[PDB]
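S.K.: Chains as they are written, first to last, in the deposited numbering: chain e, 10 to 64, 73 to 92; chain d, 4 to 85; chain C, 909 to 997; chain A, 270 to 336; chain g, 2 to 46, 53 to 76.
Even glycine gets a Cβ: it sits at the ideal position worked out from N, Cα and C.
Handing you a structure now.
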RNA sequence: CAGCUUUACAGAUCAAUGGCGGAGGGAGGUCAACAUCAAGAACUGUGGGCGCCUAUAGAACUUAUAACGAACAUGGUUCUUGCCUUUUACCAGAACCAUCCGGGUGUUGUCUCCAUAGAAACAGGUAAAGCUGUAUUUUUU
Ligand SMILES: [Mg+2]
């Protein structure tokens with residue numbers, strides 16, 4: 010068994026290709042690699058990229082995204 | 004403890020209906036319930052908001068999404084109230 | 909066998925301070941002392957039979973109970989030829 | 270007036286409690302309802318005549334039924 | 002504190018209904034008190056997979072349906 | 001400590017309305033009378049559907065090592081015995097039955113000793129009694 014806290018600790022140490030979907034949001038996705046972790050689901054992401062959905074690679078950098086509006090993570 | 008949530012968990016086993024925030028109704032045997040209404044069903048018909056019925060074996064739901072739950076007429080009788 | 913009115917006797921002796929019990933789930937059988945197949949075997953008619961006489965008494969008495977033995981005087985023994993090899997030669 | 274501090278005053282009366290309106294029904298003298306310590310006193314006093322056998326087992330093969 | 006009893010659904014594929022009519026197929030890996038589903042990623046709704060191992064947030068869950076019996 | 005609800009206050013307008021009203025004692029008594037207490041574990045009423053079935057209210061007392069009594073007599077009839085031999089009187093067992101000494105409640109009434117008010121709330125305040133109260137994923141940030 011793996012709780013989300015432990016799977017994100019794998020994503021923390023690895024820093025492998027993450028793709029993030031967003032809460033109350035279908036129009037945009039993110040593509041980066043997990044760098045931080047809070048006690049809440051707040052995670053800072055370096056090498057992040059704004060990726061509009063397959064209904073292109075748009076510009077985005079390193080971001081502290083407020084993690085209460087997360088949907089997906091996959092490193 | 005929540006006296007409506009009390010009723011829900013007491014209603015386990017009966018053929019109960021369930022509509023969510025999405026408006027998609029359900030109907031079948033209940034299995035599990037908790038403080039946060041983490042509902043499970045068996046033999047559940049799953050009518051989409053348009054009316055498209057899809058019969059399925061089971062389902063699990065999160066309490067935040069739940070709107071209202073149709074309980075039978077048996078829980079009217081006893082024994083939660085007095 | 910020896911157990912009969914054991915609870916009661918114990919209670920009596922103990923002045924009702926000895927709530928005793930008996931039971932049989934182990935199925936722990938054991939040899940009755942004394943050896944089956946003896947002629948004289950025992951002493952008493954009324955009194956409880958001795959330790960070394962016991963098995964024989966139990967057998968003959970039980971045969972009587974079960975109606976196998978003929979009258980009062982009888983014996984449990986082999987129904988085979990050769991005079992039982994002249995009684996073990 | 271120390272061990273027998275409560276009953277001593279009334280233990281020797283025609284009707285043990287003529288008044289004592291709390292402890293008995295009244296003067297009809299039908300019912301009673303003592304407090305604890307006086308009951309204790311009564312018990313202690315009754316040591317010679319009291320039943321004095323708590324182990325209900327004791328009457329084994331000596332009950333009315335047994336008889 | 003009340004742990005949602007997903008040990009009946011542990012190591013089984015599940016059709017997770019999530020925000021905006023989106024679906025997630027995938028075998029279950031674990032969970033927490035917030036219902037955040039740790040699962041092996043599968044094809045997302053014709054159909055196409057994003058990621059290998061995923062962690063879905065509880066707030067975004069609409070439902071989760073027993074694909075496997 | 002805050003909210004609500006209840007009571008004793010002071011005066012209130014006293015509408016609003018309630019409710020305690022076409023408001024009416026208590027404690028006892030070697031005091032009565034009445035009912036009634038061994039029965040499918042057992043009682044009674046109420047409706048309804050045809051003496052009964054079916055839902056509804058109720059039910060003091062006495063009990064499950066079974067009994068109103070944590071107690072204990074007596075009398076009768078038979079049947080059996082004993083002492084005997086003739087009966088009473090008796091022995092002590094049985095089965096039946098009765099009598100008696102008492103008991104319980106419930107209801108009436110009387111007898112006694114104490115009593116002895118025909119109106120208080122609302123707006124609050126004072127004080128006291130009954131509950132609740134002290135955002136970062138499923139309730140409300
Ligand atoms: Mg004559």
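Tell whether a beta-carbon distance below 8 Å holds between residue 54(e) and residue 41(e).
M.R.: Result yes, Cβ atoms of residue 54(e) and residue 41(e) sit closer than 8 Å.
S.K.: Just checking: is the beta-carbon of residue 76(e) within a distance shorter than 8 Å of some beta-carbon in chain g?
M.R.: no
S.K.: Looking at residue 56(d): is its Cβ nearer than 8 Å to the Cβ of residue 10(d)?
M.R.: no
S.K.: Whose C-beta lies closer than 7 Å to the C-beta of residue 32(e) among residues of the same chain, with five residues either side of it excluded?
M.R.: 86, 87, 88
S.K.: Check whether the segment 55–63 of chain g and the segment 21–40 of chain g are in contact - that is, three or more C-beta pairs closer than 8 Å.
M.R.: yes
S.K.: Under the three-state reduction of DSSP, which class applies to residue 23(e): helix, strand or coil?
M.R.: helix
S.K.: Cutting at 6 Å between CB atoms, please list the residues of its own chain near residue 46(g), excluding the five before and the five after it.
M.R.: 24
S.K.: Can you tell me where the beta strand (DSSP E) with residue 49(d) in it begins and where it stops?
M.R.: 43–50
S.K.: Can you list, in chain order, the residues of its chain whose CB lies under 7 Å from that of residue 14(d), leaving out five sequence neighbours each side?
M.R.: 33, 74, 78
S.K.: Could you tell me the alpha carbon to alpha carbon distance between residue 76(e) and residue 37(d), rounded to whole angstroms?
M.R.: 44 Å
S.K.: Measure the beta-carbon distance from residue 306(A) to residue 329(A) and round it to whole angstroms, keeping in mind my assumption that it falls under 8 Å.
M.R.: 35 Å between Cβ atoms; not a contact.
S.K.: Find the nearest neighbour of residue 273(A) within the set 327(A), 314(A), 334(A), 298(A), judged by alpha-carbon distance.
M.R.: 314(A)
S.K.: Using only CA atoms, which one of 79(e), 30(e), 49(e), 48(e) lies nearest to residue 60(e)?
M.R.: 30(e)
S.K.: Between the segment 60–76 of chain g and the segment 13–22 of chain g, do at least 3 Cβ pairs fall closer than 8 Å?
M.R.: Result yes; three or more Cβ-Cβ pairs closer than 8 Å.
S.K.: Interface residues of chain C around residue 305(A) at Cβ under 7 Å?
M.R.: In chain order: nothing, as chain C lies at least about 30 Å away.
S.K.: When burial is assigned at 16 or more other CB atoms within 10 Å of the CB, is residue 959(C) buried or exposed?
M.R.: exposed
S.K.: Short of 7 Å in beta carbon distance, which residues of its chain neighbour residue 70(d), apart from the five on each side in sequence? Order them along the chain.
M.R.: 22, 23, 24
S.K.: Could you compute how far the alpha carbon of residue 371(A) sits from the alpha carbon of residue 311(A)?
M.R.: The shown model of chain A, from 270 to 336, leaves out residue 371(A), and the question about it has no answer.
S.K.: Taking only three categories from DSSP, how would you classify residue 20(d)?
M.R.: strand
S.K.: Count the other C-beta atoms from every protein chain shown that fall within 10 angstroms of the C-beta of residue 61(d), then say buried if there are 16 or more, exposed otherwise.
M.R.: buried
S.K.: Just the chain C side, please: which residues come within less than 8 Å of residue 324(A) by C-beta, in chain order?
M.R.: Result: 924, 925.
S.K.: Please confirm whether residue 81(e) has its beta-carbon closer than 8 Å to some beta-carbon of chain g.
M.R.: no
S.K.: Report back the beta-carbon spacing between residue 64(d) and residue 42(d) to the nearest angstrom; my notes put them in contact at under 8 Å.
M.R.: 4 Å between Cβ atoms; contact.
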